[PDB]
Amino acid sequence: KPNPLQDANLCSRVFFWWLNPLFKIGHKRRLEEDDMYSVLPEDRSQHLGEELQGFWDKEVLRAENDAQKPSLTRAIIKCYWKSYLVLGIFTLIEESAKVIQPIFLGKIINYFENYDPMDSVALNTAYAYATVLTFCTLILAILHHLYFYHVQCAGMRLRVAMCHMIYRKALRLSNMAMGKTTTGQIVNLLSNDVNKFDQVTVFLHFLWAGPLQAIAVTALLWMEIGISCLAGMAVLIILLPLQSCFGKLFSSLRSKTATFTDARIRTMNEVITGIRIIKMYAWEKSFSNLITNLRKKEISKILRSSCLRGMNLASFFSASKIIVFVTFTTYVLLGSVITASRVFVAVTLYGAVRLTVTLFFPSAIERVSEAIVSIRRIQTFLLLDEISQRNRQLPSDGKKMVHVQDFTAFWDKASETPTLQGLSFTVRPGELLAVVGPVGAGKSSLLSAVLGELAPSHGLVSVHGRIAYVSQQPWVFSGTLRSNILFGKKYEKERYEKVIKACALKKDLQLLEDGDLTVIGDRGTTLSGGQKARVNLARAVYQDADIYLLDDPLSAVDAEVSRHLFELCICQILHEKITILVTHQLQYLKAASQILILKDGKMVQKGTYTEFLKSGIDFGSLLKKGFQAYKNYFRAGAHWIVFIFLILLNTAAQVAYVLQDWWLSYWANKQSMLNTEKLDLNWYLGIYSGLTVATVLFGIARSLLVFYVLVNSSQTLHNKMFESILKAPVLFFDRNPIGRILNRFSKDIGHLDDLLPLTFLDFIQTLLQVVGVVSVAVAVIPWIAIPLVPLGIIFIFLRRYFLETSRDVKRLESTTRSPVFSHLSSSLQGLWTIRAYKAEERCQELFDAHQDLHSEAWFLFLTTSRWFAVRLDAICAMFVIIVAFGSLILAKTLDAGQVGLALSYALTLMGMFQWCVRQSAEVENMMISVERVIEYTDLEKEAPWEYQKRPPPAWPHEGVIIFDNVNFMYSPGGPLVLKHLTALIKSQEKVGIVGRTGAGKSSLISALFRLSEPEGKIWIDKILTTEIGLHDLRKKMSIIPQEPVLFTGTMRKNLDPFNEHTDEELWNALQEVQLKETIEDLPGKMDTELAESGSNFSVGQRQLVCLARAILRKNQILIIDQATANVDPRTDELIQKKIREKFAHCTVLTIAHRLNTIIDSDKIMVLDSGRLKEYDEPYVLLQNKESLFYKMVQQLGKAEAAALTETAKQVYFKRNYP
Ligand SMILES: CS(=O)(=O)CCNCc1ccc(-c2ccc3ncnc(Nc4ccc(OCc5cccc(F)c5)c(Cl)c4)c3c2)o1
Ligand SMILES: Nc1ncnc2c1ncn2[C@@H]1O[C@H](COP(=O)(O)OP(=O)(O)OP(=O)(O)O)[C@@H](O)[C@H]1O
Ligand SMILES: Nc1ncnc2c1ncn2[C@@H]1O[C@H](COP(=O)(O)OP(=O)(O)OP(=O)(O)O)[C@@H](O)[C@H]1O
Ligand SMILES: [Mg+2]
Ligand SMILES: [Mg+2]
């Protein structure tokens, strides 16, 4: 894939003529990672990184010699200034041309003021001036794009070199350095700190060419107009602090909103995650109250910030008019006269200097400050401490030997007890050493000292030969399983097959689609813990080392696989290699030649397994311790009459803007046509002031109305969408993930509230200004309407052609960016394993390859943008040339004022055209959020909360339950769960639910709660459930779920969202559940805040709270789940006795994944794959051996089965025969 930029001329490199094949391919089909162009050798990551590293090392050596801190800024300056001279040269030329061209504009107008048809030398001079103007515009329009591309490429090169240097440092941190630093800070500084280097360079040169341009413009204005230019210059200067101060308030009003936004998002997350609970207990009204209040509070600050932004944009719109008006008011009031030559040069000079002073200089200042901060951060990181390089080893005979003597290290220098106390032992090839003792107190520290991971404070460690190390926690790096096993070294088929067979990885390969070539990312999402541990072992074996180190290799795998591995892959293969093993299982100590015991880092006893057996010490004992989108977006804001009024306001603002300059032209013509007599100053100045005031007011009004209307549309959309999602059936929440649901509330509404209206208003502003420029040009010279049609057609086709590939490249440079961060993070996590083997240059090369692959797409991202901009500027320059030459061709009709107005507007079209196109693309891109929000606004809905037939307030008066031909399915058309359930449940009786796992257990509860619409009839108190509203059905029957959830809020809110109970009743419930004492000790009495999901409360406390809530509700029908699985048996007995003694007079159903505690129920419902088999007294079912209940009881055993039978018999005798 050769780079076409390597074989390009200059007339092809200034027009970007080599990108045509790529654009053609992108138009024909979609582009992939094969289609991108490989980078040039001078842009490879290794070269740039090595260059900057050499310069930085020279600088740090010089600073060390000088006894002073180093300077990354000095290093980058000394590396890049000699290549940044040339771009400064060209930007100087460009600024000179920008300042120069209005002088020739003035010369053309000056010719036109004294038109004489008979003269021809004047016509020739005017043609020459027009040609010079065309040359200046072509310089501004064509070469500037190659200059800009090189300016951007310089920053990209700096960033790539920085990334290489940062990772090279990251691969060699020391232990304390890794401890003090964090795995998140490094990726933070590689994702949000080294990305300011793409933007510091683009606006870098405008720190010295800004004031120079302002000085040149002020001198030119003084030369032409006179003292009056200081009024315009003063307004332009005053515009700087005002704009700066209009940002320090927006920052405050934007950081005030984030609190409400985050609170709303967190509450939304709670609602979405615990949706089943809210729907079951009917708390959606309270949750809607909370969410609505938060949304209103946030929208207040959004409205304030939007009004501020609108006022700022109106100021930007009207600043030029204010400057021109005040300048010329002073110019005329000082006793001078107006001629069309000077006014329309002052206008152009003011436009240029105002743009530069308003935008580019503050942008450059901000970007330079941010880049300075980022350089400081990267320098502070780079100055971290590292390990000392492995020095020249002691001269030995080359034998593979392991020895440690008098070792004593310190993980923390401020700690008291050293990690190791005077260890002294050696091991040789063919010997298997083992280490046992406590639950792991200083277990891996021996391996750390052996590998050099621990700094030896005293003693000596002699290790010779290749080493293989297995981490306690297995680590897998992003790539492929084959590449993970290879670890960068060569691949041999026979060796790989032998390792795979000896590692029992055949089944693991079979379970994967690609076998040994499966692509595995971070954290082993496509694998399992045992598989990645086996991967680690396979890596260690395949590395073919001399010394082998193991640490907890078989704790995360099963028994047979672990035994087979430890036998075949160790006792046979490694019998000729040094081995040191740390294990927790004593069954592997039989094959261990040597066994050592360590307690608290102290040498205790070492020897053979037989000797330790004779010693009488037990190791086990020692181990104990489109368009409709736009229509719907606009309609929700306000009616169509406001749309008409907005159109009128836009047109009035633009018309007044243009009419001010037209009035200046009219004044100039009227003054020129004269004779002393004097023009009436009052009339002209009054009309001028009126037009200026109209421009300002209409601009402000248009901005405010657009902002308010779009913000109101966003608010209405959000309210409708939240009310729609709150009523969706649980099938929707089952089909969608929680993150996806919360995304459309966090990011999409985040766009709609604060970015879409501003982008839309800016686009409308610029489009109207372009339309005004073209309209003035057409009105002055009516024949310009002929080529504008070809220009528009060409522009439309060009926009389609470019955007058919720009979006593809924008996604290509984004899907190839994240692997850099992924590799950095993964290599940081597995740093110890990586450094254990001598293979770190391999990881460095892989990282550099990834960085090259990303620069491969960044290059396309730059060059395609330049390719589009070149053609756009060619079109705009063609328009300017047409105007400037037609004005001279048709000179027999026009006059000085008209020509000056047309020419000045044609000159100002520069830059404005491109900004309009870019903003249109941005708006079209951002409308997808509106599309998604509107899509969520029209979701499904469930049955109405309230029905026409309101129930009498005695509906659960007795508690009769009838199931008649009840069939339930979670999804329409899916497999059936219940088949013809027919049963009757009487009042006050306790009914238990039993069955096998997956046999439709937790389905009758959902059928009773009408979570999904059932098939059949269910009668409660001789009333059908489907004839009553859901809020009249779910409200007054209670359920205790598997795991209770506590929502963030007061305890009063948690136990009574509707505030239907008083303080005395709440305290009575708390003391009846024995939680009153536990509650009345917080700083708050009973309104203390709670963490998410009760993070500070125990599971028993959650069940206690649920029981208290049920008692407070006081429902006649109650259904409990298994509740307890691992809770303290004391708490289990407490809740059992409370359930027995509190709900005697209320119907109780008991579903459970449990036993014995469900033995006292009056009747047992037996479910076989959703079929109701047995429904009768437990004793009667136990009497028959063929009954499934008896077999399920016998599945436990014989003593427990006998106890259960006795309990059932006693319950039957006491109940049925009192
Ligand atoms: C009456 S006026 O002086 O305002 C007319 C000219 N400006 C019109 C206008 C309205 C809004 C903007 C605008 C808003 C935001 C922007 N953000 C970035 N860059 C902008 N423009 C810009 C213009 C010229 C530049 O110099 C290089 C150049 C030279 C010739 C042609 C080009 F396309 C570019 C640069 Cl670097 C940026 C901008 C404008 O411009
Ligand atoms: N990754 C680590 N970073 C810093 N200190 C560590 C690390 N691993 C162990 N240590 C320290 O080494 C010493 C060994 O004690 P500890 O019992 O925690 O070791 P271990 O080998 O990780 O334990 P176990 O075998 O139970 O997993 C302690 O002082 C501990 O803080
Ligand atoms: N939300 C659901 N959507 C689709 N199928 C489901 C859903 N919940 C359960 N199932 C399926 O329905 C069958 C039985 O469901 P159920 O949850 O009642 O079984 P269980 O394991 O006996 O009960 P428990 O939830 O008490 O463990 C199983 O095949 C299960 O996979
Ligand atoms: Mg350990
Ligand atoms: Mg289940």
# chains A, B, ... in the order shown; residues from 1 in each chain; ligands from 1
call {"tool": "residues_around", "arguments": {"residues": "residue 156 of chain A", "least_positions_apart": "4", "cutoff": "10 Å", "atoms": "only C-alpha atoms", "output": "list in words"}}
result
residues 43, 150, 151, 152, 160, 161, 162, 195, 197, 198, 199, 201, 855, 858 and 859 of chain A
call {"tool": "residues_near_ligand", "arguments": {"ligand": "ligand 3", "cutoff": "8 Å", "atoms": "only C-alpha atoms and all ligand atoms", "output": "number ranges by chain"}}
result
A: 731, 734, 969-971, 977, 995-1004, 1121-1122, 1151-1153, 1169-1170
call {"tool": "atom_distance", "arguments": {"atom1": "atom CA of residue 1094 of chain A", "atom2": "atom CA of residue 1072 of chain A"}}
result
20.8 Å
call {"tool": "closest_atom_pairs", "arguments": {"of": "chain A", "to": "ligand 4", "cutoff": "7 Å", "atoms": "only C-alpha atoms and all ligand atoms", "output": "CSV"}}
result
residue,atom,partner,partner_atom_place_in_ligand_line,distance
A:440,CA,ligand 4,1 (Mg),5.3
A:442,CA,ligand 4,1 (Mg),6.6
A:443,CA,ligand 4,1 (Mg),5.1
A:444,CA,ligand 4,1 (Mg),4.7
A:472,CA,ligand 4,1 (Mg),6.6
call {"tool": "write_last_selection", "arguments": {"atoms": "N, CA and C atoms", "output": "PDB file, in the first residue's frame"}}
result
ATOM      1  N   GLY A 440      -1.696 -17.229  53.222  1.00  0.00           N
ATOM      2  CA  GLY A 440      -0.994 -16.516  52.175  1.00  0.00           C
ATOM      3  C   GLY A 440      -0.203 -15.325  52.669  1.00  0.00           C
ATOM      4  N   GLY A 442       2.579 -13.322  53.113  1.00  0.00           N
ATOM      5  CA  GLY A 442       3.886 -13.307  52.480  1.00  0.00           C
ATOM      6  C   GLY A 442       4.152 -14.492  51.578  1.00  0.00           C
ATOM      7  N   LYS A 443       3.135 -14.958  50.851  1.00  0.00           N
ATOM      8  CA  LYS A 443       3.312 -16.102  49.963  1.00  0.00           C
ATOM      9  C   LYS A 443       3.992 -15.691  48.662  1.00  0.00           C
ATOM     10  N   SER A 444       3.422 -14.709  47.962  1.00  0.00           N
ATOM     11  CA  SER A 444       3.981 -14.262  46.692  1.00  0.00           C
ATOM     12  C   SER A 444       5.228 -13.407  46.862  1.00  0.00           C
ATOM     13  N   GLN A 472      -0.334 -14.709  40.467  1.00  0.00           N
ATOM     14  CA  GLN A 472      -1.424 -15.200  41.302  1.00  0.00           C
ATOM     15  C   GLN A 472      -2.770 -14.948  40.637  1.00  0.00           C
TER      16      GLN A 472
END
call {"tool": "closest_atom_pairs", "arguments": {"of": "chain A", "to": "ligand 2", "cutoff": "9 Å", "atoms": "only C-alpha atoms and all ligand atoms", "output": "Markdown table"}}
result
| residue | atom | partner | partner_atom_place_in_ligand_line | distance |
| --- | --- | --- | --- | --- |
| A:175 | CA | ligand 2 | 3 (N) | 7.3 |
| A:176 | CA | ligand 2 | 4 (C) | 8.1 |
| A:178 | CA | ligand 2 | 3 (N) | 8.5 |
| A:179 | CA | ligand 2 | 4 (C) | 6.8 |
| A:410 | CA | ligand 2 | 29 (O) | 8.0 |
| A:411 | CA | ligand 2 | 29 (O) | 5.9 |
| A:412 | CA | ligand 2 | 29 (O) | 7.7 |
| A:415 | CA | ligand 2 | 29 (O) | 8.7 |
| A:417 | CA | ligand 2 | 29 (O) | 8.7 |
| A:418 | CA | ligand 2 | 29 (O) | 8.1 |
| A:419 | CA | ligand 2 | 13 (C) | 5.8 |
| A:420 | CA | ligand 2 | 13 (C) | 8.9 |
| A:438 | CA | ligand 2 | 26 (O) | 8.0 |
| A:439 | CA | ligand 2 | 26 (O) | 5.4 |
| A:440 | CA | ligand 2 | 25 (O) | 3.2 |
| A:441 | CA | ligand 2 | 17 (O) | 3.3 |
| A:442 | CA | ligand 2 | 14 (C) | 3.8 |
| A:443 | CA | ligand 2 | 21 (O) | 4.0 |
| A:444 | CA | ligand 2 | 21 (O) | 3.6 |
| A:445 | CA | ligand 2 | 21 (O) | 5.6 |
| A:446 | CA | ligand 2 | 21 (O) | 8.3 |
| A:447 | CA | ligand 2 | 21 (O) | 8.8 |
| A:448 | CA | ligand 2 | 8 (N) | 8.7 |
| A:472 | CA | ligand 2 | 27 (O) | 7.3 |
| A:551 | CA | ligand 2 | 25 (O) | 8.5 |
| A:552 | CA | ligand 2 | 25 (O) | 8.2 |
| A:582 | CA | ligand 2 | 25 (O) | 8.9 |
| A:584 | CA | ligand 2 | 25 (O) | 9.0 |
| A:600 | CA | ligand 2 | 17 (O) | 8.5 |
| A:601 | CA | ligand 2 | 14 (C) | 8.4 |
call {"tool": "write_last_selection", "arguments": {"atoms": "N, CA and C atoms", "output": "mmCIF file, in the first residue's frame"}}
result
data_model
loop_
_atom_site.group_PDB
_atom_site.id
_atom_site.type_symbol
_atom_site.label_atom_id
_atom_site.label_comp_id
_atom_site.auth_asym_id
_atom_site.auth_seq_id
_atom_site.Cartn_x
_atom_site.Cartn_y
_atom_site.Cartn_z
ATOM 1 N N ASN A 175 8.137 -0.199 41.786
ATOM 2 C CA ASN A 175 7.021 -0.659 42.607
ATOM 3 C C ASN A 175 6.344 0.500 43.329
ATOM 4 N N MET A 176 7.129 1.340 44.005
ATOM 5 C CA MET A 176 6.551 2.485 44.696
ATOM 6 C C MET A 176 5.938 3.475 43.716
ATOM 7 N N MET A 178 4.501 2.712 40.806
ATOM 8 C CA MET A 178 3.211 2.145 40.435
ATOM 9 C C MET A 178 2.205 2.276 41.567
ATOM 10 N N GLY A 179 2.662 2.145 42.814
ATOM 11 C CA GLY A 179 1.757 2.309 43.940
ATOM 12 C C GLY A 179 1.204 3.717 44.048
ATOM 13 N N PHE A 410 11.534 -4.585 52.199
ATOM 14 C CA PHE A 410 10.513 -3.729 52.797
ATOM 15 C C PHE A 410 9.610 -3.225 51.681
ATOM 16 N N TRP A 411 8.346 -3.655 51.689
ATOM 17 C CA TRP A 411 7.384 -3.115 50.734
ATOM 18 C C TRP A 411 7.170 -1.624 50.961
ATOM 19 N N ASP A 412 7.035 -1.216 52.220
ATOM 20 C CA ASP A 412 6.923 0.185 52.599
ATOM 21 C C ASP A 412 8.054 0.521 53.557
ATOM 22 N N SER A 415 7.029 1.065 57.148
ATOM 23 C CA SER A 415 6.417 -0.041 57.867
ATOM 24 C C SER A 415 7.339 -0.537 58.978
ATOM 25 N N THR A 417 7.270 -4.202 60.412
ATOM 26 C CA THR A 417 7.734 -5.567 60.202
ATOM 27 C C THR A 417 8.206 -5.742 58.765
ATOM 28 N N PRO A 418 9.451 -6.159 58.535
ATOM 29 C CA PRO A 418 9.889 -6.445 57.165
ATOM 30 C C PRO A 418 9.126 -7.621 56.575
ATOM 31 N N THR A 419 8.982 -7.601 55.248
ATOM 32 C CA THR A 419 8.227 -8.648 54.567
ATOM 33 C C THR A 419 8.899 -10.008 54.714
ATOM 34 N N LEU A 420 10.225 -10.050 54.614
ATOM 35 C CA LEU A 420 10.985 -11.285 54.746
ATOM 36 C C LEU A 420 12.057 -11.108 55.809
ATOM 37 N N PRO A 438 0.524 -20.207 56.152
ATOM 38 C CA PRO A 438 -0.727 -19.494 56.437
ATOM 39 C C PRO A 438 -1.591 -19.316 55.200
ATOM 40 N N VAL A 439 -2.668 -18.542 55.334
ATOM 41 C CA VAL A 439 -3.623 -18.309 54.254
ATOM 42 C C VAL A 439 -2.997 -17.494 53.127
ATOM 43 N N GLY A 440 -1.696 -17.229 53.222
ATOM 44 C CA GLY A 440 -0.994 -16.516 52.175
ATOM 45 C C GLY A 440 -0.203 -15.325 52.669
ATOM 46 N N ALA A 441 0.055 -15.277 53.974
ATOM 47 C CA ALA A 441 0.833 -14.190 54.557
ATOM 48 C C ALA A 441 2.256 -14.242 54.015
ATOM 49 N N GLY A 442 2.579 -13.322 53.113
ATOM 50 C CA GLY A 442 3.886 -13.307 52.480
ATOM 51 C C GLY A 442 4.152 -14.492 51.578
ATOM 52 N N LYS A 443 3.135 -14.958 50.851
ATOM 53 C CA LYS A 443 3.312 -16.102 49.963
ATOM 54 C C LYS A 443 3.992 -15.691 48.662
ATOM 55 N N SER A 444 3.422 -14.709 47.962
ATOM 56 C CA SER A 444 3.981 -14.262 46.692
ATOM 57 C C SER A 444 5.228 -13.407 46.862
ATOM 58 N N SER A 445 5.544 -12.985 48.088
ATOM 59 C CA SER A 445 6.727 -12.160 48.298
ATOM 60 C C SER A 445 8.009 -12.929 48.009
ATOM 61 N N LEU A 446 8.014 -14.245 48.235
ATOM 62 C CA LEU A 446 9.180 -15.045 47.873
ATOM 63 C C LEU A 446 9.426 -14.997 46.371
ATOM 64 N N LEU A 447 8.366 -15.164 45.578
ATOM 65 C CA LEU A 447 8.508 -15.068 44.130
ATOM 66 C C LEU A 447 8.914 -13.661 43.714
ATOM 67 N N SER A 448 8.361 -12.645 44.381
ATOM 68 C CA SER A 448 8.731 -11.268 44.070
ATOM 69 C C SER A 448 10.218 -11.035 44.299
ATOM 70 N N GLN A 472 -0.334 -14.709 40.467
ATOM 71 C CA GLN A 472 -1.424 -15.200 41.302
ATOM 72 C C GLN A 472 -2.770 -14.948 40.637
ATOM 73 N N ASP A 551 2.504 -19.794 41.152
ATOM 74 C CA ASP A 551 1.840 -19.180 42.299
ATOM 75 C C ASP A 551 0.339 -19.364 42.134
ATOM 76 N N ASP A 552 -0.240 -20.252 42.936
ATOM 77 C CA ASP A 552 -1.672 -20.524 42.923
ATOM 78 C C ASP A 552 -2.176 -20.866 41.517
ATOM 79 N N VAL A 582 4.371 -22.476 44.789
ATOM 80 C CA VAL A 582 3.608 -22.060 45.959
ATOM 81 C C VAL A 582 2.188 -22.574 45.780
ATOM 82 N N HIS A 584 -1.643 -24.032 47.832
ATOM 83 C CA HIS A 584 -2.509 -24.126 48.998
ATOM 84 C C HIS A 584 -3.060 -25.527 49.216
ATOM 85 N N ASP A 600 4.774 -15.361 58.731
ATOM 86 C CA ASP A 600 5.087 -13.948 58.954
ATOM 87 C C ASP A 600 6.441 -13.568 58.363
ATOM 88 N N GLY A 601 6.787 -14.161 57.223
ATOM 89 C CA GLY A 601 8.053 -13.862 56.583
ATOM 90 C C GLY A 601 9.264 -14.399 57.309
#
call {"tool": "select_by_dssp", "arguments": {"residues": "segment 451-587 of chain A", "states": "alpha helix (DSSP H)", "output": "VMD selection string"}}
result
chain A and resid 451 481 to 486 493 to 502 506 to 510 529 to 542 559 to 565
call {"tool": "write_last_selection", "arguments": {"atoms": "C-alpha atoms", "output": "CSV table (one decimal), in the first residue's frame"}}
result
chain,number,residue,atom,x,y,z
A,451,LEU,CA,12.3,-12.2,40.3
A,481,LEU,CA,-5.3,-16.6,22.0
A,482,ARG,CA,-2.6,-17.8,19.7
A,483,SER,CA,-0.8,-14.4,19.9
A,484,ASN,CA,-1.3,-14.5,23.7
A,485,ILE,CA,0.4,-17.9,23.9
A,486,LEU,CA,3.2,-16.8,21.5
A,493,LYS,CA,3.4,-26.1,14.7
A,494,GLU,CA,4.7,-29.2,16.5
A,495,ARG,CA,5.6,-27.3,19.7
A,496,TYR,CA,2.3,-25.5,19.7
A,497,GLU,CA,0.4,-28.7,19.3
A,498,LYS,CA,2.4,-30.5,22.0
A,499,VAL,CA,1.8,-27.6,24.4
A,500,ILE,CA,-1.9,-27.5,23.6
A,501,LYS,CA,-2.3,-31.3,24.1
A,502,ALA,CA,-0.2,-31.2,27.3
A,506,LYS,CA,-8.4,-29.0,23.4
A,507,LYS,CA,-11.9,-28.6,24.9
A,508,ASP,CA,-11.3,-24.9,25.5
A,509,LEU,CA,-10.4,-24.5,21.8
A,510,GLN,CA,-13.4,-26.6,20.7
A,529,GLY,CA,-11.1,-17.8,34.6
A,530,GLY,CA,-10.0,-21.4,34.2
A,531,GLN,CA,-9.3,-20.9,30.5
A,532,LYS,CA,-7.2,-17.9,31.1
A,533,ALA,CA,-5.3,-19.6,33.9
A,534,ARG,CA,-4.6,-22.5,31.5
A,535,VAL,CA,-3.5,-19.9,28.9
A,536,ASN,CA,-1.0,-18.5,31.5
A,537,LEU,CA,0.3,-22.0,32.2
A,538,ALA,CA,0.6,-22.7,28.4
A,539,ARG,CA,2.5,-19.4,28.0
A,540,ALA,CA,4.9,-20.3,30.8
A,541,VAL,CA,5.6,-23.8,29.3
A,542,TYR,CA,5.9,-22.6,25.7
A,559,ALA,CA,-9.9,-31.3,40.4
A,560,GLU,CA,-9.3,-33.7,37.6
A,561,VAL,CA,-8.0,-31.0,35.2
A,562,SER,CA,-5.7,-29.6,37.9
A,563,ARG,CA,-4.3,-33.1,38.7
A,564,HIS,CA,-3.8,-34.0,35.1
A,565,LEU,CA,-2.0,-30.7,34.4
call {"tool": "residues_near_ligand", "arguments": {"ligand": "ligand 1", "cutoff": "7 Å", "atoms": "only C-alpha atoms and all ligand atoms", "output": "ChimeraX atom specification"}}
result
/A:140-141,144,320,351-352,354-355,766,873,908-912,914-915
call {"tool": "atom_distance", "arguments": {"atom1": "atom CA of residue 463 of chain A", "atom2": "atom CA of residue 401 of chain A"}}
result
5.9 Å
call {"tool": "residues_around", "arguments": {"residues": "residue 654 of chain A", "least_positions_apart": "5", "cutoff": "10 Å", "atoms": "only C-alpha atoms", "output": "list in words"}}
result
residues 649, 659, 695, 698, 699, 765, 768, 769, 771 and 772 of chain A
call {"tool": "closest_residue", "arguments": {"among": "A:209, A:700, A:385, A:760", "to": "residue 315 of chain A", "atoms": "only C-alpha atoms"}}
result
A:700
call {"tool": "closest_residue", "arguments": {"among": "A:233, A:679, A:1023, A:901", "to": "residue 955 of chain A", "atoms": "only C-alpha atoms"}}
result
A:1023
call {"tool": "residues_around", "arguments": {"residues": "residue 42 of chain A", "least_positions_apart": "2", "cutoff": "12 Å", "atoms": "only C-alpha atoms", "output": "mmCIF file with N, CA and C atoms, in the first residue's frame"}}
result
data_model
loop_
_atom_site.group_PDB
_atom_site.id
_atom_site.type_symbol
_atom_site.label_atom_id
_atom_site.label_comp_id
_atom_site.auth_asym_id
_atom_site.auth_seq_id
_atom_site.Cartn_x
_atom_site.Cartn_y
_atom_site.Cartn_z
ATOM 1 N N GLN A 6 3.923 10.216 -1.765
ATOM 2 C CA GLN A 6 5.341 10.062 -2.061
ATOM 3 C C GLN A 6 5.664 10.334 -3.525
ATOM 4 N N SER A 38 -0.767 3.844 3.734
ATOM 5 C CA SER A 38 0.277 3.707 4.739
ATOM 6 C C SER A 38 1.062 5.006 4.887
ATOM 7 N N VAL A 39 1.547 5.253 6.104
ATOM 8 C CA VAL A 39 2.202 6.518 6.412
ATOM 9 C C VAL A 39 3.624 6.532 5.859
ATOM 10 N N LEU A 40 4.167 7.738 5.726
ATOM 11 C CA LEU A 40 5.523 7.940 5.247
ATOM 12 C C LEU A 40 6.532 7.562 6.324
ATOM 13 N N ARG A 44 6.540 7.680 11.005
ATOM 14 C CA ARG A 44 6.417 6.490 11.832
ATOM 15 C C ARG A 44 6.628 6.837 13.300
ATOM 16 N N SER A 45 5.936 6.105 14.175
ATOM 17 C CA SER A 45 5.954 6.444 15.595
ATOM 18 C C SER A 45 7.330 6.226 16.212
ATOM 19 N N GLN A 46 8.025 5.157 15.819
ATOM 20 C CA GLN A 46 9.318 4.861 16.427
ATOM 21 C C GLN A 46 10.327 5.970 16.163
ATOM 22 N N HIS A 47 10.378 6.472 14.928
ATOM 23 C CA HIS A 47 11.333 7.519 14.576
ATOM 24 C C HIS A 47 11.094 8.782 15.398
ATOM 25 N N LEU A 48 9.848 9.258 15.429
ATOM 26 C CA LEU A 48 9.541 10.477 16.168
ATOM 27 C C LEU A 48 9.799 10.299 17.659
ATOM 28 N N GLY A 49 9.387 9.157 18.210
ATOM 29 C CA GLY A 49 9.608 8.914 19.623
ATOM 30 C C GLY A 49 11.079 8.875 19.979
ATOM 31 N N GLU A 50 11.887 8.206 19.154
ATOM 32 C CA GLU A 50 13.320 8.151 19.413
ATOM 33 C C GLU A 50 13.951 9.533 19.319
ATOM 34 N N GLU A 51 13.538 10.337 18.336
ATOM 35 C CA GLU A 51 14.089 11.684 18.208
ATOM 36 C C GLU A 51 13.798 12.517 19.451
ATOM 37 N N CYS A 153 -0.096 18.715 10.513
ATOM 38 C CA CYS A 153 0.773 17.547 10.557
ATOM 39 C C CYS A 153 1.875 17.709 11.587
ATOM 40 N N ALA A 154 2.353 18.935 11.795
ATOM 41 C CA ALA A 154 3.370 19.153 12.822
ATOM 42 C C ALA A 154 2.853 18.783 14.211
ATOM 43 N N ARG A 157 2.561 14.981 14.549
ATOM 44 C CA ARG A 157 3.859 14.361 14.805
ATOM 45 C C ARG A 157 4.289 14.549 16.254
ATOM 46 N N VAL A 160 2.269 12.065 18.391
ATOM 47 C CA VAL A 160 2.685 10.669 18.260
ATOM 48 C C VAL A 160 3.991 10.424 19.008
ATOM 49 N N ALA A 161 4.954 11.342 18.875
ATOM 50 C CA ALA A 161 6.210 11.178 19.602
ATOM 51 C C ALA A 161 5.980 11.201 21.108
ATOM 52 N N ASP A 852 0.908 3.585 14.737
ATOM 53 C CA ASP A 852 0.998 3.779 13.294
ATOM 54 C C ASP A 852 -0.348 3.550 12.627
#
call {"tool": "atom_distance", "arguments": {"atom1": "atom CA of residue 647 of chain A", "atom2": "atom CA of residue 704 of chain A"}}
result
13.4 Å
